[PDB]
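**Q** okay, here's the opening piece of the assembly, coordinates as they are in the complex:
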Amino acid sequence: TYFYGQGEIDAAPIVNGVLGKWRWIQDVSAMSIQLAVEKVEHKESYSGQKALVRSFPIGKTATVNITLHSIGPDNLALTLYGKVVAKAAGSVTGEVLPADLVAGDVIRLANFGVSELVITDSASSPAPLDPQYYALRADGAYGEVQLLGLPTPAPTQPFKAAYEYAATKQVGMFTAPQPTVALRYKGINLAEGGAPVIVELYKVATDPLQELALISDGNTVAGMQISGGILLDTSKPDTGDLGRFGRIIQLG
Amino acid sequence: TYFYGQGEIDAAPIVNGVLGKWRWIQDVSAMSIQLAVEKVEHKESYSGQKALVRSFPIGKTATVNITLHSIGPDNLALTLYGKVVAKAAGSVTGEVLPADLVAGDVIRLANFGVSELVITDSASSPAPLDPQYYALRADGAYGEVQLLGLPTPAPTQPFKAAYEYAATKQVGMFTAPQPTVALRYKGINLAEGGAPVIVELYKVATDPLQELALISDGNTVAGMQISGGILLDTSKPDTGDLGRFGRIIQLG
Amino acid sequence: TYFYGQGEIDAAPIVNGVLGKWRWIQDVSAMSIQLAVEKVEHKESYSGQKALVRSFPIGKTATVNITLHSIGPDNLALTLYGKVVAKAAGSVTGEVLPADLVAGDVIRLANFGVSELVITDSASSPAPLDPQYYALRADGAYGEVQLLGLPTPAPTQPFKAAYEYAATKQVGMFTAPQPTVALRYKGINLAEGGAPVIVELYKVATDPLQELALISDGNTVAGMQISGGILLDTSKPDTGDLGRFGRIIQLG
């Protein structure tokens, strides 16, 4: 009869009212549910106390806050209103680098994970440049190339860079509509020897992430906090005891 | 003449004005009662001080806050505006699992506490699948089945799952009207050798739980805080010394 | 010429302007007096500074806050707008207990401090039930009886309970009008070898207790905080040096 819960959360997106495929939202550090009710009050005046005598509720709302520490692209799509874009690995053969380059300039490439970088000189007789005259910062992860030097007989300035780029996953900002996801919290209550508890929320509309600290200070893992409103599902039976907002199952 | 109280709280629901059956609300960590009064003031002006000279009360209200650590279904019905639903244990024989299943898929079952799980293959000659090809996560408490593999001669994809499910208790969200409960606080005052004290509140209208942290951090047991207004009971005698809001009994 | 005061407070209720009988308010932990004044200001404009040049007071008010740790019925009547009700000890002979009782049911009695409990069986030949078949929780202080068992030949269900109940004192909620009490603070100033100090407040109108924690956590004694306004007494002489709000007497 005491609660200290630890467990997992499964989310299923709702598209045009058809149930989606459940997925694990990965690690979650905090889950909170808050209930709000509006009440209209009636006061009697026969006792001289002008005090409250009755009240009936008019409003009913529920909010859910979730703190997730996973920065996976699947979760980014759900939290950033984005849609995942997958780019397959490939090669570049005739990319043209900026002109008027001199020692000290930093060239930014269009793709990441560059490898086997080659820069052919522009001339009737192609002459690949010596690798010792350029360096790859951040082991080519950021696609940045630094010029270390140039031969005394200055070669033709425009260059032709060819290389290989690895596959990547990208998420756009505000590129998807407001997601609607059904939530299933499967938890273990340690206070009762690890008893099972299940919480079902049929329809939830989420709110974008509020803050995202890209450069963190301290020993705390970056956290992503999402707020959402539990909407009223109109498909479930009205008279059923399961309600229309959410339900809790405890085995006993 | 000093107070440090520890005790129990009994609640009796009020339905259409007829007293209900008292029940223990289980463990309670904090109880507070607050009184609010509105006053209209009259100021004299013959002394030149334009100061207050009289005041009479117009409003009278009382609020009660209770912090309970019990997550029992009976308390969930009272705090979540829900009504308890009891499901008896039973069996399933012809549940159909999703199609196009492959290794790695997770199948969610409609009932919890699954045991003796059997998945018959779809064919003119029934052939139950080998148990080694599937696993039960969370010992079947959450009703989740993981596929470990499939025979090289891929069997018919649609499946027929049969198993046994245990009884459960469920609580809906906002599925019951605003409860009205009479409260009896029976406490022991340790400052006076454990003297008995009784507090009676005739009519209280409760407010849903504000927050419920499903995943808790630290060493603090999950707490459920409920606020309520003590309404004016119109059935008790008006001139009686017991009043109409509440009373306190101290043996002495 | 320094103040660190410890002392007692005596209160005399004011009914229709006739002085009441002084009583000690028991232990008090904190007393504070605050003065509020409203001022209307006049600004000159001949120097170019448009600054304040005069001010005269229009309003005058005084508030008093008292923290008392005594939960005595006399103080409850003063703080809860209640009136004390005394119930003398007595006996009950033919109280009828609820029907359809079975093992595990808890019966609540109308009076507290039950002793010599007897439950006669309903039949043409009265047959008191064996005491071993019932138990008294909380040594009968709360008037709760638990059924331990029933004879195999189930006796007549309706019962007739007779017992003895002790005297008690009760306080109603908001059952009395706004008290008006004159206050006398008799204190000792330790900074001057324990010099005597007296503070007189002629007329004070109190405000109900704000909070009352029935179940306390920690090592702090329950506190009852009361606010009040010091009204203007119209009976004292206007020109007298004693004023009409309050006075302080210091022997020296």
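**A** Arrived safely. Residues are numbered from 1 along each chain as shown, chains lettered A, B, ... in the order given.
**Q** tell me which parts of the stretch 151-252 of chain A are close to chain B?
**A** Counting by CB under 8 Å from any CB of the partner chain, the residues of the stretch 151-252 of chain A close to chain B are A:185-187, A:189, A:191, A:196, A:198-199, A:230, A:240-252. Quick note: C-beta positions are derived from backbone N, CA and C, even for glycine.
**Q** Send me stretch A:27-39 as CSV with only the CA atoms.
**A** In CSV, the C-alpha atoms belonging to stretch A:27-39 read as follows (Å, rounded to 0.1, in the frame of the first residue of the first chain):
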residue,chain,number,x,y,z
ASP,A,27,15.5,6.1,-20.4
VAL,A,28,13.1,8.3,-18.4
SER,A,29,14.0,10.0,-15.1
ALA,A,30,10.7,11.6,-14.0
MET,A,31,7.0,11.3,-14.7
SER,A,32,4.3,13.4,-13.1
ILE,A,33,0.5,13.6,-13.6
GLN,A,34,-1.5,16.7,-12.4
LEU,A,35,-5.3,17.1,-12.3
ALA,A,36,-7.1,20.4,-12.5
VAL,A,37,-10.8,21.0,-11.8
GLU,A,38,-12.9,24.1,-11.9
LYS,A,39,-15.8,24.4,-9.5
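**Q** Next, see if that stretch gets close to chain B.
**A** Yes. Stretch A:27-39 lies within reach of chain B by CB under 8 Å from any CB, at A:28-37.
**Q** Check stretch A:46-64 too.
**A** Yes. Where contact is defined by CB under 8 Å from any CB, part of stretch A:46-64 touches chain B, namely A:47, A:49-57, A:60, A:62.
**Q** and the residue in chain A that chain C sits nearest to, what is it in contact with?
**A** Scanning chain A for proximity to chain C using CB to the nearest CB identifies residue A:49 as nearest, at 6.4 Å. Contact analysis of residue A:49 by CB atoms under 8 Å, 6 or more residues apart in numbering or on different chains lists B:57, B:59-60, B:232, C:174.
**Q** Mark which of those are part of strands, please.
**A** Cross-referencing the contacts of residue A:49 against strands under DSSP state E gives B:57, B:59-60.
**Q** most neighbours, which of the residues you listed?
**A** Counting neighbours by other CB atoms under 10 Å in any protein chain shown, the top entry in the ones in strands among the contacts of residue A:49 is residue B:60, with 22 neighbours.
**Q** quick one: contacts for the nearest residue to that residue once chain neighbours are set aside?
**A** Counting by CB to CB, 6 or more residues apart in numbering or on different chains, residue B:60 lies nearest to residue A:51, which is 3.9 Å off, once chain neighbours are set aside. Shown in contact with residue A:51 (CB under 8 Å, 6+ apart): A:43-44, B:59-61, B:232, C:174.
**Q** let's bring in chain D now:
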Amino acid sequence: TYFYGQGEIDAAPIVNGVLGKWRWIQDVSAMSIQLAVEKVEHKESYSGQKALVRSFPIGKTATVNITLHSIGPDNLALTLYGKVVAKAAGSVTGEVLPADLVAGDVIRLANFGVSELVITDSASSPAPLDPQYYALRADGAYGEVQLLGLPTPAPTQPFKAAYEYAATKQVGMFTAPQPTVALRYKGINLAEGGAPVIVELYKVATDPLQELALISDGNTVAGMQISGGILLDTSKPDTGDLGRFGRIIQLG
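**A** Chain D now in position relative to the chains above:
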């Protein structure tokens, strides 16, 4: 050129514009002066920045906060808008005590510092009561007498109390008009070997004490905080370099 000041404050009341007699305000723990100015701003718009270009002051005010720990009657008159009343020591011969007195009653006398208390019995033959039948609580400082017992042949109930009372000083609440006092702060700056500093405020209008804790907790001496506005004196020369609000003198 550094300031850490400790010193004394002298106050001279202003009555109808005639200087009063300076007195020492006793111990003071904190003194603060705050300046407030109102400004009207003009913004140019030829540069496209729509930014501030000029400002001139319209308002000018100064406030002073003083924390004094002396509860002397002279300071009480200044802080409570009161006027001191001196009562000379004397005697009482025929004071009548309340009737229907019994053992346990507490009699409150009109004067403090009672000594040589005598209670003559009401009868044709006066018979002073035995001292052993009554006691003086708080060594008669509060003027409280407790009855210890009565002779079996109950004497005449009405009594005639005679005793001696000492002189006292009293202060009324809001019994004097808004004081106007000129302030002289004579301080020593320790940062410069104890250099002398003088601060003169010509006209100050004070604000009643905000809080006065009669029963104190901890090891902190009771403090009395007073706020005041420094008014504009119209008697000093307008063109003089000494101004009209206040001045500072530093010897050097």
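**Q** Same as before for the contacts of residue A:49, with chain D this time.
**A** Per CB under 8 Å, 6+ apart, neighbours of residue A:49: B:57, B:59-60, B:232, C:174.
**Q** now do residue A:236
**A** Contacts for residue A:236 (CB under 8 Å, 6+ apart) come out as A:202, A:242-244.
**Q** could you redo the last one with a cut-off of 7 Å?
**A** A:202, A:242, A:244 (CB atoms under 7 Å, 6 or more residues apart in numbering or on different chains).
**Q** just to revisit the earlier point, of the contacts of residue A:49, which is the nearest to residue A:148?
**A** When the contacts of residue A:49 are ranked by distance to residue A:148 (CB to CB), residue B:59 comes first, at 82.9 Å.
**Q** mind checking the SS state of the closest residue to that closest one other than its chain neighbours?
**A** Distances taken as CB to CB, 6+ apart place residue B:38 nearest to residue B:59, at 3.0 Å, with adjacent residues excluded. Put simply, residue B:38 is strand when judged by DSSP: H, G, I helix; E, B strand; the rest coil.
**Q** ok so, going back, ok, the contacts of residue A:236 vs residue C:108, which is closest?
**A** For those, the residue nearest residue C:108 by CB to CB is residue A:242; the value is 34.4 Å.
**Q** Can you list phi and psi of residue A:10 for me?
**A** phi -110, psi 130 (degrees, to the nearest 10).
**Q** sorry, that was for residue A:81
**A** Main-chain torsions, residue A:81, degrees, to the nearest 10: phi 50, psi 40.
**Q** can you pull the contacts of whichever residue of the stretch 101-250 of chain A sits closest to chain B?
**A** Nearest residue of the stretch 101-250 of chain A to chain B, counting by CB to the nearest CB: residue A:243, 3.0 Å away. By CB under 7 Å, 6+ apart, the contact set of residue A:243 is B:82, B:172-175.
**Q** one step back: residues touching the residue nearest to residue B:59, list them.
**A** Counting by CB under 7 Å, 6+ apart, residue B:38 touches B:57-59.
**Q** rerun at 8 Å
**A** Here residue B:38 is in contact with A:50, B:57-60 (CB under 8 Å, 6+ apart).
**Q** Kindly report the same for residue A:81.
**A** By CB under 8 Å, 6+ apart, the neighbours of residue A:81 are A:173-179, A:208.
**Q** now swap in residue A:30 and tell me
**A** A:65-67, B:213, B:215, B:217.
**Q** again, but for residue A:245
**A** A:62, A:201-202, A:230, A:232-233, B:172-174.
**Q** Just among the residues you listed, which is most surrounded?
**A** Most crowded among these, counting by other CB under 10 Å, is residue B:173 at 27 neighbours.
**Q** which non-adjacent residue is nearest that residue?
**A** Spatial nearest neighbour of residue B:173, chain neighbours left out: residue A:245 (3.4 Å); criterion: CB to CB, 6+ apart.
**Q** next up, chain E:
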Amino acid sequence: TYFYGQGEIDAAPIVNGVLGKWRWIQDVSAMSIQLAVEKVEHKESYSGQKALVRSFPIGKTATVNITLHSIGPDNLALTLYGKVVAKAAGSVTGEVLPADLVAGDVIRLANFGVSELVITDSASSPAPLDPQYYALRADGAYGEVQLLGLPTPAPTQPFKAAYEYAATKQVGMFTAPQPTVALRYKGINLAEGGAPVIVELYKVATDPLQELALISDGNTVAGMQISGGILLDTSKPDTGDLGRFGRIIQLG
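**A** Okay, chain E now, added to the rest:
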């Protein structure tokens, strides 16, 4: 490329637009510059996101906060809107003391730093009073004289005091117009081996000191905080790269 600055501040008053003589503002503990900008925003509505698409600034303001610990008269004139008054040392010959003086009275003199105090008796034959009959409190720094006694043949009450007073510097309250000062912050950046940095603010309008604690508690030197607005100078070239608010010079 890191900043931890320590340095000096030079201030030059601006009178009718003509540059004043720079002076050192003495010790300064903190300097802060804040920039405020107002922006008007334009939102597009063709994407359905009703989000921000453009913004242009309309307002531009800059504020400066300085904390100085010097209480020198030159700084007092700048912070208190005062003008310094210098009084040369001199002598007094025929000052008349208050009449009706008795033992215990304290006489306040018009000048400070009194020395060689002489009080001639009023009579046809002048008779200076014995020095042993009077004392000088605070070694005459505050100009206070205490009477120790009087001869049995009471001399003529009115007195004639003559003495010597030292020179002093005084500052009036709100006796000068709103100063306008150009500021030059010459600082050393320790993070770069003590590199030089210069900050120029052409026109600043200051705000009076907010608080001045004459009697300080703790081990903290009294601080004087001044706020000011950096106005737009209309004399500098509009197209120049030095701007019109302020500039920073870093040698490198």
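**Q** back to the contacts of residue A:236, now that we've got chain E?
**A** A:202, A:242-244.
**Q** Just those residues: which are in strands?
**A** Going by DSSP E, the strands hold residue A:202 from the contacts of residue A:236.
**Q** out of the contacts of residue A:236, who's nearest residue C:23?
**A** residue A:243 (55.7 Å).
**Q** Distance check, that closest one against residue B:84.
**A** Going from residue A:243 to residue B:84 by CB to CB, to the nearest Å gives 12 Å.
**Q** now swap in residue A:39 and tell me
**A** Taking CB to CB, one finds residue A:39 at 24 Å from residue B:84.
**Q** ok, now which ones touch the residue of chain A found nearest chain E?
**A** Residue nearest to chain E within chain A (CB to the nearest CB): residue A:174, separated by 6.4 Å. If a contact means CB under 8 Å, 6+ apart, then residue A:174 has A:80-82, E:49, E:51 as its contacts.
**Q** Of these, which count as buried by neighbour count?
**A** When neighbours are counted using 16 or more other CB atoms under 10 Å in any protein chain shown, the contacts of residue A:174 contain these buried positions: A:80-82.
**Q** Can I get these in CSV including distance to residue B:117?
**A** Shown next, in CSV, are the buried ones among the contacts of residue A:174 (distance: CB to CB, whole Å):
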residue, distance to residue B:117
A:80, 39
A:81, 39
A:82, 38
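**Q** Tell me the one among these nearest to residue E:129.
**A** In terms of CB to CB, no member of the buried ones among the contacts of residue A:174 lies closer to residue E:129 than residue A:80, at 92.9 Å.
**Q** Hmm, the closest one is touching residue A:173, no?
**A** Yes. Residue A:80 lies in contact with residue A:173 (CB atoms under 8 Å); the separation is 6.2 Å.
**Q** which residue is nearest the middle of chain A?
**A** Closest to where the C-alpha atoms of chain A average out (CA atoms, centre = their mean) is residue A:76, at 1.9 Å.
**Q** Help me confirm that that residue is found in a helix?
**A** Yes. Residue A:76 forms part of a helix when assessed by three-state DSSP.
**Q** Contact partners for it?
**A** Residue A:76 touches A:82, A:84, A:171, counting by CB under 8 Å, 6+ apart.
**Q** Columns distance to chain D on top of those residues, output as CSV?
**A** Formatted as CSV, the contacts of residue A:76 follow (distance: CB to the nearest CB, whole Å):
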residue, distance to chain D
A:82, 39
A:84, 45
A:171, 40
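**Q** Residue A:21 is in contact with residue A:12, isn't it?
**A** Yes. Look at residue A:21 against residue A:12 with CB under 8 Å: they come within range, at 6.7 Å.
**Q** between those two, who's got more neighbours?
**A** For residue A:21 versus residue A:12, the count of surrounding residues by other CB under 10 Å is larger for residue A:12: 15 against 10.
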